[PDB]
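Asker: Generate coordinates for the sequence data below:
(6 chains, ligands or ions: 1)
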Amino acid sequence: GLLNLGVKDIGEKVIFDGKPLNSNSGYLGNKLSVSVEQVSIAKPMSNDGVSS
Amino acid sequence: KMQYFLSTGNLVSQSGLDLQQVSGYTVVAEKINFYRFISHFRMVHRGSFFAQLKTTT
Amino acid sequence: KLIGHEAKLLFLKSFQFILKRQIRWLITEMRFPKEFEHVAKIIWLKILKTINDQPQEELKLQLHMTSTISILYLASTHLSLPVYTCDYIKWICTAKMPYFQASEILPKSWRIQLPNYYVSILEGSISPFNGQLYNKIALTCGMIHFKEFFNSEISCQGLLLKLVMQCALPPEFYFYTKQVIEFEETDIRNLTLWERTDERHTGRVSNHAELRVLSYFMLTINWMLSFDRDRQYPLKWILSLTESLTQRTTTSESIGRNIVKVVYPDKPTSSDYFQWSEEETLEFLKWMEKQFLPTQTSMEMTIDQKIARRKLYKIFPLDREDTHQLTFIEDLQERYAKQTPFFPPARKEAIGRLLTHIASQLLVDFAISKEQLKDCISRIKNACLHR
Amino acid sequence: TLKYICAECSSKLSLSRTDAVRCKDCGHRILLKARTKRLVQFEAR
DNA sequence: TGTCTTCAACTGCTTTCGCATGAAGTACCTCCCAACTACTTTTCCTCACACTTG
RNA sequence: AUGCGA
Ligand SMILES: [Zn+2]
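Answerer: Residues are numbered from 1 along each chain as shown, chains lettered A, B, ... in the order given. There you are, the coordinates:
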C-alpha cells in the first residue's frame, strides 16, 4: 500500500552519540540508525478498564 | 495530530506538501440533504489561492 | 467496620443468628416440637450469661465453627434424640446445617459489619480434627455446667443400634456389647456426657462416652469372636461379612460417608476418592450440582466480570446438556441376606482383617487419632482386667 | 420504575444513582431514555 | 561645491451584512490514576511438653 | 475566520 512505500522512502535518521572511545575521534564509532519498517492500521476497537 | 488536522484542515508540515495553501482542505459533509451529501464527494476545488486572485481567466 | 467491644457485640449477634437458623432446620429435619427449640435457646442464653460477666474487654468468646454444633449436640443430648457421628455425617451429606458457610446470616450487612477480629472468621473456616470435635463440647460443658443442668448425658441405646446395623448387623452383638457395657462400662450404667473440662489444656481423659462405646463395640467383636469356643460364628462366616461389606452404594448414607471422606484427611478415604465405584462417581456429581450451588450467590466489576461469567456458564450450559437406587434398610436387608448362609491362624487374621475395617468406619465419622482411638482402646483394655 | 434502554442490546433497565452508566446485559455505554405513559395535549394541526 | 535622475525597497488597500459555531493547536513534562498480582495485616482459634507420681 | 443567503 502507498503508506508502506512512503515509510520505505523516508529511510533512516542517523545519530552519533559522539561515540567517545578514546579515526576514533572523528570517526566517532557511535552509529545509531533509526527507521520505520512497517506501518499497520487496525479497525476501530474499544477495550475498557484497559486490556483485561 | 491527524484528528486535529482533520478537524480544522490546517495542514502544516516541514515541506508544505508542495501545496499552495495551509487551510481549507477539509469540509463538513453537511448531510442536510442527500443531494448535498452525494454532491460533496463529486465536488472538486481549484484551491483557495486561486480564490484570492482578482482575475477570472 | 467496627473494632473492639461493639465489633464483638455483633460478632456475638451474628453467632446468635446462625445458630438459630441451625436450630430450625433442626426442627424441620427431626420434627421435635417446641421442646427441641426452647431448650436450645436457653442453652445459649446460659452460654451468653457467662460471656457478659468476663466482658470489660473480654474477647475470648467468639465461638469456633464447632461450638455451635456442640451447643446443638448438648441440647439434643438433653432431649437425647440422637448421636454424634450420625448427626455429623448426615449434616455434612445434606449440608443440613448452614454450618459450612457463614454468608447466610441475614447479614449482607453483618458481612460488611467488617470483620473486627470476628465476623469474617465466622461461618465455614475448616473441617474438624481428631477430638477437636469435642475438645470444645467439654469446654461448653465447662462453660455450661451442663451435666448438673441436663439429664442423661451421652447415652442412647440408639447409637448401639446404629452401630450394629452399621454393618455386621449381628443382632446378638447389640446386647453382647450392651452386656460388656453392662459390665465394667461405668458400673453397668449409661455413660453420661463428660464434664466441663474447665482447664485449657484439654487433657485426653477419654471421658467422651461414645468414644468409649465404640471402644467396647470393637472389643466385644474381637473378644466374642476370638473365643466363640462353641464355634457359633463359622470360620468362613467372618470373611463373608467382610466381602459383602467392603463398599457398595447407599440409600443416601454411604453416599454421605463418601462426602465426609472427601475432607481428604489422613488418606483412609482418599483412595476411595480415586476408586469411587462408578456411579458413586455419578450420584456424587448429582449431589454437587444440587448442594454445591449452595456455593456462592465478582461485585461491581461493571457487570463485566460477572456477565462474562454468565456467558461462560451459558457456554458449557449443560446440567443435562429401580426410582433407581435403594434406601438404607433395603441395603441393610440385602447384605444381611448376602450372608444368608449362616446355618487357626487364618481366622485370627480374618478377625484382625475385619476389625481394621470397622476401625475405619467408626473412626472415619469421628476425630479418629489413628491411635488415640486405640489410646482409647488401650485405656479400657486396662480398665477391664480388674475382675 | 424509571427506564433506560441499551443503545445496542435493546434490553430494558432501570438505572440508579448507585450503578455504572452501562448496559448490564451487553456492556454498552449509551442508553436511550425510554418513553412512558405521560400525558401530552396536542392541537390536531 | 552644488544640483539632478533612475530603481528598488517599503506602505496601505481594494464589497456589505448576517447565520453558524464554534472548534483547535503541543513540546516537555508529569503526577495522578487505574491495574494485576502478590504480599502483608489484625484478631482469633486451638493444641502442646516436662517434671513428677507410685 | 469558512461556507453561505440577498
Ligand atoms: Zn445492551
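
Asker: rest of the way, CA atoms for contacts and neighbours
Answerer: Will do.

Asker: now the strands for chain A?
Answerer: Assignment of strands within chain A using DSSP state E yields the ranges A:12-16, A:31-35.

Asker: and the last one, which strands flank it?
Answerer: Using DSSP bridges, the strands paired with strand A:31-35 are strand A:12-16 (antiparallel).

Asker: Using CSV, write down the CA coordinates of the partner strand.
Answerer: Output in CSV follows, covering the C-alpha atoms of strand A:12-16 (Å, rounded to 0.1, in the frame of the first residue of the first chain):
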residue,chain,number,x,y,z
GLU,A,12,16.8,6.3,8.1
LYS,A,13,17.6,9.0,10.6
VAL,A,14,21.2,8.6,11.9
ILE,A,15,22.6,10.0,15.1
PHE,A,16,26.0,9.6,16.7
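
Asker: who's in contact with that strand?
Answerer: A:28-36 (Cα atoms under 8 Å, 6 or more residues apart in numbering or on different chains).

Asker: now the residues you listed: which count as buried?
Answerer: With neighbours counted using 16 or more other Cα atoms under 10 Å in any protein chain shown, the contacts of strand A:12-16 contain no buried positions.

Asker: List just the nearest of the residues you listed to RNA strand F.
Answerer: The closest of the contacts of strand A:12-16 to RNA strand F turns out to be residue A:36 (Cα to the nearest atom of the strand; 35.4 Å).

Asker: check contacts around the closest one.
Answerer: A:7-8, A:11-12 are the contacts of residue A:36 under Cα under 8 Å, 6+ apart.

Asker: Now list the buried members of these.
Answerer: By neighbour count, with 16+ other Cα under 10 Å, those hold no buried member.

Asker: Looking at the residues you listed, which are in helices?
Answerer: Among the contacts of residue A:36, the residues falling in helices (DSSP state H) are A:7-8.

Asker: hmm, back to that, which two of the contacts of strand A:12-16 lie the greatest distance from each other?
Answerer: A:28 and A:36 (24.4 Å; Cα to Cα).

Asker: So which bits of the helix or strand containing residue C:375 are buried?
Answerer: Following DSSP states H and E, one finds residue C:375 within helix C:374-384. Neighbour-count burial for helix C:374-384 flags C:376-377, C:379-380 (criterion: 16+ other Cα under 10 Å).

Asker: I'd like the contacts of strand A:12-16 as TSV, with distance to residue C:92 appended.
Answerer: Output for the contacts of strand A:12-16, formatted as TSV (distance: Cα to Cα, whole Å):
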residue	distance to residue C:92
A:28	80
A:29	77
A:30	75
A:31	74
A:32	71
A:33	71
A:34	69
A:35	69
A:36	66
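
Asker: how far out from the middle of the chain is stretch C:121-128?
Answerer: Offset of stretch C:121-128 from its chain centre (Cα atoms, centre = their mean, to the nearest Å): 15 Å.

Asker: what's the spacing between residue D:2 and the ion?
Answerer: Residue D:2 sits 17 Å away from the ion when distances are taken as Cα to the ion, to the nearest Å.

Asker: same thing with residue C:67?
Answerer: Between residue C:67 and the ion the computed distance is 49 Å (Cα to the ion).

Asker: Quickly find the element holding the residue lying closest to residue C:63 once chain neighbours are set aside.
Answerer: Closest residue in space to residue C:63, ignoring its immediate chain neighbours: residue C:15 at 7.6 Å, by Cα to Cα, 6 or more residues apart in numbering or on different chains. Using DSSP H and E, residue C:15 falls within helix C:5-30.

Asker: Give me the helices and strands touching that helix, please.
Answerer: For helix C:5-30, the packing partners by 3 or more Cα pairs under 8 Å, 6 or more residues apart in numbering or on different chains; DSSP states H and E come out as helix C:33-53.

Asker: before we move on, back to that, what's the closest of the contacts of strand A:12-16 to DNA strand E?
Answerer: Within these, the smallest distance to DNA strand E is 16.2 Å, found for residue A:34 (Cα to the nearest atom of the strand).

Asker: quick one: contacts for the closest one?
Answerer: Contacts of residue A:34 (Cα under 8 Å, 6+ apart): A:12-14.

Asker: Turn those residues into a markdown table, including distance to residue A:49.
Answerer: Shown next, in a markdown table, are those (distance: Cα to Cα, whole Å):
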| residue | distance to residue A:49 |
| --- | --- |
| A:12 | 37 |
| A:13 | 37 |
| A:14 | 39 |
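
Asker: related to what we said a few turns ago, what's the closest of the buried residues of helix C:374-384 to chain D?
Answerer: Closest approach between the buried residues of helix C:374-384 and chain D, by Cα to the nearest Cα: residue C:376, at 60.4 Å.

Asker: how far away is the residue in chain A that chain D sits nearest to from residue C:228?
Answerer: Residue of chain A nearest chain D, by Cα to the nearest Cα: residue A:48 (10.1 Å). Using Cα to Cα, to the nearest Å, residue A:48 is found at 80 Å from residue C:228.

Asker: Settle it for me: which of the two has more neighbours?
Answerer: Per other Cα atoms under 10 Å in any protein chain shown, whichever of residue A:48 and residue C:228 has more neighbours is residue C:228, with 11 against 8.

Asker: what's around residue 51, how many residues?
Answerer: Just going to use chain A. Applying other Cα under 10 Å, we find 6 residues neighbouring residue A:51.

Asker: Actually, chain C is the one I wanted.
Answerer: 17.

Asker: No more questions from me, cheers.
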